[PDB]
$ cat my_file-v8.tsv   # TSV, C-alpha atoms
chain	number	residue	atom	x	y	z
A	8	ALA	CA	135.72	90.24	-38.08
A	9	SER	CA	136.00	89.84	-41.85
A	10	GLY	CA	135.31	91.24	-45.36
A	11	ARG	CA	134.30	94.89	-45.31
A	12	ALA	CA	134.93	95.13	-41.54
A	13	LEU	CA	138.65	94.59	-42.19
A	14	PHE	CA	138.92	97.76	-44.33
A	15	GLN	CA	138.94	100.69	-41.92
A	16	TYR	CA	140.73	103.73	-43.21
A	17	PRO	CA	143.39	104.86	-43.50
A	18	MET	CA	145.44	101.93	-44.61
A	19	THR	CA	148.69	101.50	-46.48
A	20	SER	CA	150.34	99.28	-49.02
A	21	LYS	CA	153.66	97.85	-50.12
A	22	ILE	CA	154.65	96.10	-53.22
A	23	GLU	CA	157.54	93.99	-54.41
A	24	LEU	CA	157.42	93.29	-58.13
A	25	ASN	CA	159.96	91.15	-60.05
A	26	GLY	CA	159.85	91.17	-63.75
A	27	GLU	CA	161.35	90.55	-67.06
A	28	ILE	CA	160.72	92.04	-70.39
A	29	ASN	CA	162.43	90.74	-73.58
A	30	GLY	CA	164.97	89.15	-71.36
A	31	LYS	CA	165.72	92.35	-69.29
A	32	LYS	CA	165.23	91.28	-65.63
A	33	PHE	CA	164.21	94.29	-63.42
A	34	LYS	CA	162.63	94.94	-59.95
A	35	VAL	CA	160.32	97.56	-58.48
A	36	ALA	CA	159.39	98.22	-54.88
A	37	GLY	CA	157.06	100.75	-53.44
A	38	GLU	CA	154.84	101.87	-50.62
A	39	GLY	CA	151.56	103.74	-50.60
A	40	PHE	CA	148.68	105.27	-48.80
A	41	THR	CA	144.94	104.54	-48.94
A	42	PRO	CA	143.11	107.38	-47.21
A	43	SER	CA	139.66	106.27	-48.03
A	44	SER	CA	137.57	103.84	-49.94
A	45	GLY	CA	138.34	104.08	-53.64
A	46	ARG	CA	141.34	106.43	-53.44
A	47	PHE	CA	144.76	104.74	-53.17
A	48	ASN	CA	148.24	105.61	-54.17
A	49	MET	CA	151.62	103.98	-54.55
A	50	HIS	CA	155.08	105.63	-54.49
A	51	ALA	CA	157.15	103.14	-56.55
A	52	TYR	CA	160.73	102.86	-57.81
A	53	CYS	CA	162.88	100.65	-59.94
A	54	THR	CA	165.51	99.27	-57.57
A	55	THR	CA	167.70	97.89	-60.38
A	56	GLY	CA	168.38	101.05	-62.41
A	57	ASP	CA	166.24	102.37	-65.13
A	58	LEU	CA	162.85	100.73	-65.66
A	59	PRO	CA	163.06	99.13	-69.12
A	60	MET	CA	159.40	99.66	-69.94
A	61	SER	CA	156.88	102.53	-69.79
A	62	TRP	CA	155.60	103.42	-66.36
A	63	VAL	CA	152.23	103.86	-68.02
A	64	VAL	CA	152.09	100.28	-69.13
A	65	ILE	CA	153.18	99.02	-65.70
A	66	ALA	CA	150.45	100.99	-63.99
A	67	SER	CA	147.96	98.10	-63.96
A	68	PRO	CA	150.40	95.63	-62.56
A	69	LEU	CA	151.11	98.06	-59.72
A	73	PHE	CA	144.93	96.55	-55.39
A	74	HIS	CA	141.32	95.93	-56.08
A	75	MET	CA	140.50	95.43	-52.37
A	76	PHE	CA	140.82	99.25	-52.12
A	77	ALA	CA	138.08	99.94	-54.65
A	78	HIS	CA	134.88	101.60	-53.39
A	79	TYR	CA	131.78	99.41	-53.74
A	80	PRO	CA	128.26	100.50	-53.05
A	81	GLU	CA	126.44	98.43	-50.45
A	82	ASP	CA	124.28	96.88	-53.15
A	83	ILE	CA	127.06	94.94	-54.82
A	84	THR	CA	129.35	92.39	-53.24
A	85	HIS	CA	132.91	93.56	-52.73
A	86	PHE	CA	134.50	90.35	-53.79
A	87	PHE	CA	138.03	91.48	-53.27
A	88	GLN	CA	137.39	92.47	-49.72
A	89	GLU	CA	135.15	89.49	-48.93
A	90	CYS	CA	138.14	87.28	-49.71
A	91	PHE	CA	139.69	88.40	-46.43
A	92	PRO	CA	140.77	86.71	-44.35
A	93	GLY	CA	142.44	84.27	-46.75
A	94	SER	CA	143.37	86.60	-49.60
A	95	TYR	CA	143.25	85.96	-53.36
A	96	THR	CA	145.50	85.90	-56.32
A	97	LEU	CA	145.24	87.66	-59.68
A	98	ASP	CA	146.41	86.42	-63.01
A	99	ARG	CA	146.56	89.02	-65.64
A	100	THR	CA	147.24	89.06	-69.30
A	101	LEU	CA	147.71	92.34	-71.11
A	102	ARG	CA	147.92	92.37	-74.91
A	103	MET	CA	149.32	95.57	-76.33
A	104	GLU	CA	147.91	95.16	-79.71
A	105	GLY	CA	150.55	95.33	-82.43
A	106	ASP	CA	153.40	95.19	-79.84
A	107	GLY	CA	153.91	92.50	-77.15
A	108	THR	CA	151.99	90.75	-74.46
A	109	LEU	CA	152.61	90.57	-70.75
A	110	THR	CA	151.44	88.51	-67.78
A	111	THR	CA	151.45	89.06	-64.12
A	112	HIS	CA	150.76	87.01	-61.08
A	113	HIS	CA	149.95	88.83	-57.79
A	114	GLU	CA	149.75	87.54	-54.21
A	115	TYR	CA	148.49	89.78	-51.43
A	116	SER	CA	148.50	89.60	-47.68
A	117	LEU	CA	147.05	91.93	-45.14
A	118	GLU	CA	148.64	92.56	-41.75
A	119	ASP	CA	148.56	95.65	-39.60
A	120	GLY	CA	146.47	97.96	-41.79
A	121	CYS	CA	148.88	97.28	-44.70
A	122	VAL	CA	148.31	95.21	-47.84
A	123	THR	CA	151.52	93.77	-49.23
A	124	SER	CA	151.70	92.49	-52.81
A	125	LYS	CA	154.32	90.14	-54.18
A	126	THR	CA	153.89	90.35	-57.96
A	127	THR	CA	155.77	88.73	-60.89
A	128	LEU	CA	155.78	90.04	-64.46
A	129	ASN	CA	156.79	88.40	-67.80
A	130	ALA	CA	156.74	90.07	-71.04
A	131	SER	CA	158.05	88.78	-74.38
A	132	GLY	CA	158.07	89.72	-78.00
A	133	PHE	CA	157.82	93.47	-77.56
A	134	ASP	CA	158.80	95.68	-80.49
A	135	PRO	CA	161.92	97.45	-79.10
A	136	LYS	CA	161.16	100.40	-81.36
A	137	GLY	CA	157.48	100.41	-80.04
A	138	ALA	CA	155.93	102.63	-77.39
A	139	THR	CA	156.16	100.30	-74.47
A	140	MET	CA	159.90	99.88	-74.81
A	141	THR	CA	160.74	103.46	-75.97
A	142	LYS	CA	158.69	104.81	-73.03
A	143	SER	CA	156.61	107.01	-75.36
A	144	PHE	CA	153.33	106.96	-73.50
A	145	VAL	CA	152.01	109.81	-71.49
A	146	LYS	CA	149.01	108.25	-69.72
A	147	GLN	CA	146.12	105.90	-69.88
A	148	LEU	CA	142.53	106.99	-70.26
A	149	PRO	CA	139.89	106.20	-67.81
A	150	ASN	CA	137.88	103.10	-68.44
A	151	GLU	CA	135.39	100.56	-67.02
A	152	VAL	CA	136.54	97.05	-66.11
A	153	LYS	CA	133.78	94.40	-66.60
A	154	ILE	CA	133.52	91.89	-63.84
A	155	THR	CA	131.76	88.57	-64.25
A	156	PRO	CA	131.58	85.38	-62.31
A	157	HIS	CA	134.24	82.84	-63.13
A	158	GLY	CA	134.33	79.11	-62.36
A	159	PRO	CA	132.80	77.98	-59.10
A	160	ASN	CA	134.69	80.50	-57.03
A	161	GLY	CA	136.41	83.22	-59.10
A	162	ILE	CA	135.75	86.42	-61.07
A	163	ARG	CA	137.02	87.57	-64.49
A	164	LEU	CA	137.94	91.20	-65.18
A	165	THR	CA	138.21	92.45	-68.72
A	166	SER	CA	138.99	95.76	-70.06
A	167	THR	CA	140.15	97.72	-72.97
A	168	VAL	CA	142.59	100.46	-72.26
A	169	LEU	CA	143.47	103.43	-74.36
A	170	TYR	CA	147.16	104.39	-73.96
A	171	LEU	CA	148.05	107.94	-75.04
A	172	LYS	CA	151.37	108.41	-76.97
A	173	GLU	CA	153.52	111.64	-77.02
A	174	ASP	CA	152.43	112.21	-80.69
A	175	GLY	CA	148.79	112.42	-79.51
A	176	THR	CA	147.52	109.03	-80.90
A	177	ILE	CA	146.12	105.96	-79.13
A	178	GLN	CA	147.47	102.36	-78.79
A	179	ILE	CA	145.05	99.78	-77.33
A	180	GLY	CA	145.69	97.19	-74.70
A	181	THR	CA	143.22	94.43	-74.01
A	182	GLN	CA	143.34	93.01	-70.54
A	183	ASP	CA	141.97	89.91	-69.07
A	184	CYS	CA	142.28	88.80	-65.50
A	185	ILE	CA	141.20	85.98	-63.22
A	186	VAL	CA	140.85	86.35	-59.53
A	187	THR	CA	140.84	83.31	-57.33
A	188	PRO	CA	140.43	83.19	-53.58
A	189	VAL	CA	143.11	81.27	-51.87
A	190	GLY	CA	141.51	81.14	-48.46
A	191	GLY	CA	140.21	78.03	-50.30
A	192	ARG	CA	136.71	78.70	-48.87
A	193	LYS	CA	133.46	79.71	-50.53
A	194	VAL	CA	133.27	83.43	-51.29
A	195	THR	CA	129.93	84.65	-52.55
A	196	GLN	CA	130.41	85.89	-56.14
A	197	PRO	CA	128.83	89.12	-57.18
A	198	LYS	CA	126.46	89.99	-59.88
A	199	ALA	CA	128.06	91.20	-63.09
A	200	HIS	CA	129.03	94.81	-62.94
A	201	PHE	CA	131.62	97.41	-63.76
A	202	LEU	CA	134.51	99.08	-62.03
A	203	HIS	CA	135.29	102.57	-63.16
A	204	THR	CA	138.99	103.13	-62.93
A	205	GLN	CA	141.24	106.18	-63.40
A	206	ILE	CA	145.01	106.32	-63.12
A	207	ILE	CA	147.02	109.45	-62.48
A	208	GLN	CA	150.85	109.35	-62.50
A	209	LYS	CA	153.21	112.18	-61.24
A	210	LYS	CA	157.06	112.54	-60.75
A	211	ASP	CA	158.56	113.62	-57.31
A	212	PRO	CA	161.81	115.27	-58.57
A	213	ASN	CA	163.06	114.94	-54.87
A	214	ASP	CA	163.38	111.08	-55.53
A	215	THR	CA	166.58	110.33	-57.55
A	216	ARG	CA	165.68	106.77	-58.57
A	217	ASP	CA	163.56	105.86	-61.69
A	218	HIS	CA	160.15	106.16	-60.00
A	219	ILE	CA	156.45	107.19	-60.17
A	220	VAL	CA	153.74	108.41	-57.86
A	221	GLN	CA	150.50	106.85	-58.92
A	222	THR	CA	146.90	107.37	-57.72
A	223	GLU	CA	144.01	105.02	-58.74
A	224	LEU	CA	140.38	106.08	-58.26
A	225	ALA	CA	138.16	103.07	-58.46
A	226	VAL	CA	134.43	102.93	-58.17
A	227	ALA	CA	132.06	100.11	-58.84
A	228	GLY	CA	128.64	100.47	-60.23
A	229	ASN	CA	125.78	98.72	-61.75
A	230	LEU	CA	126.22	100.56	-65.03
A	231	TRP	CA	123.93	98.30	-67.14
A	232	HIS	CA	121.18	96.86	-64.87
A	233	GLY	CA	120.37	94.33	-67.53
A	234	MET	CA	123.92	92.78	-67.66
A	235	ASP	CA	123.33	90.40	-64.82
A	236	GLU	CA	120.74	88.18	-66.62
A	237	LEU	CA	123.38	87.30	-69.27
A	238	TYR	CA	125.60	85.44	-66.69
A	239	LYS	CA	124.95	82.28	-64.68
$ encode --input "my_file-v8.tsv" --output "structure tokens"
Amino acid sequence: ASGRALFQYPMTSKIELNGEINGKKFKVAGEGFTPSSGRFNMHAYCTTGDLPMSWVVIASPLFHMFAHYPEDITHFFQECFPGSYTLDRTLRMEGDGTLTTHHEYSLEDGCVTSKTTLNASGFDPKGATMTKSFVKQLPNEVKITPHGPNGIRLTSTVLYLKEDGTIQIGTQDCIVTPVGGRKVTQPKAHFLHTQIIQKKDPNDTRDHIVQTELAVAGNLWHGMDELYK
């Protein structure tokens, strides 16, 4: 049994994330629940003290195999299983710094675990990422296109909302590569609608967040496919 057949709900997740911003090493761990296709959360916490960057900006680094796909588009992220895939991400906060992440996943026992690394340099320490001045990120559409012989590219533009009510943009560009090193059928070009909600549990004493992603794929522009080969 493989691909969609491996994703029977409910499932769960863990994450271990090691990172570094402007020299400040930090670590985050978490666990979460995926009750159904497209709805998945993550209770996460900085295990080294305070998190030295905005929880809003770290939201994207914190599981595309849990997205809901209609039957008429290939669920690439799921079809990579067994074997898994990696994700390389670059996120440019325009006017402020740039950060990268590398993510490995494995799936055992109804639980996806993610080992993730994060590097971030040249951030304005008076800017919103480092002063933690963001409130949330707006929903958006991630564009997914074939990449190389066996990958996909994900691009997006994200609007981050500051406390003062204004927007900072981040541009985001990811590559996903199966590491089952076997052929996985690539999908047509399409979009993944994505929403992130973050809450605090004031019964957790650590620096922490409770995050839900809703993620739905769709053929938003039926024409888009012909532009990609």
$ closest_residue --input "my_file-v8.tsv" --among "A:128, A:206, A:103, A:8" --to "residue A:32" --atoms "only C-alpha atoms"
A:128
$ residues_near_point --input "my_file-v8.tsv" --point "(151.0, 100.8, -46.1)" --cutoff "10 Å" --atoms "only C-alpha atoms" --output "list in words"
residues 17, 18, 19, 20, 21, 22, 37, 38, 39, 40, 41, 48, 49, 117, 118, 119, 120, 121, 122 and 123 of chain A
$ residues_around --input "my_file-v8.tsv" --residues "residue A:173" --least-positions-apart "4" --cutoff "10 Å" --atoms "all atoms listed in the file" --output "MDAnalysis selection string"
chainID A and resid 138 142:146 177
$ atom_distance --input "my_file-v8.tsv" --atom1 "atom CA of residue A:225" --atom2 "atom CA of residue A:160"
22.9 Å
$ closest_residue --input "my_file-v8.tsv" --among "A:11, A:232, A:157, A:31" --to "residue A:188" --atoms "only C-alpha atoms"
A:157
$ closest_residue --input "my_file-v8.tsv" --among "A:52, A:221, A:15, A:66" --to "residue A:208" --atoms "all atoms listed in the file"
A:221
$ atom_distance --input "my_file-v8.tsv" --atom1 "atom CA of residue A:69" --atom2 "atom CA of residue A:148"
16.3 Å
$ atom_distance --input "my_file-v8.tsv" --atom1 "atom CA of residue A:89" --atom2 "atom CA of residue A:194"
6.8 Å
$ closest_residue --input "my_file-v8.tsv" --among "A:57, A:23, A:183, A:214" --to "residue A:165" --atoms "only C-alpha atoms"
A:183
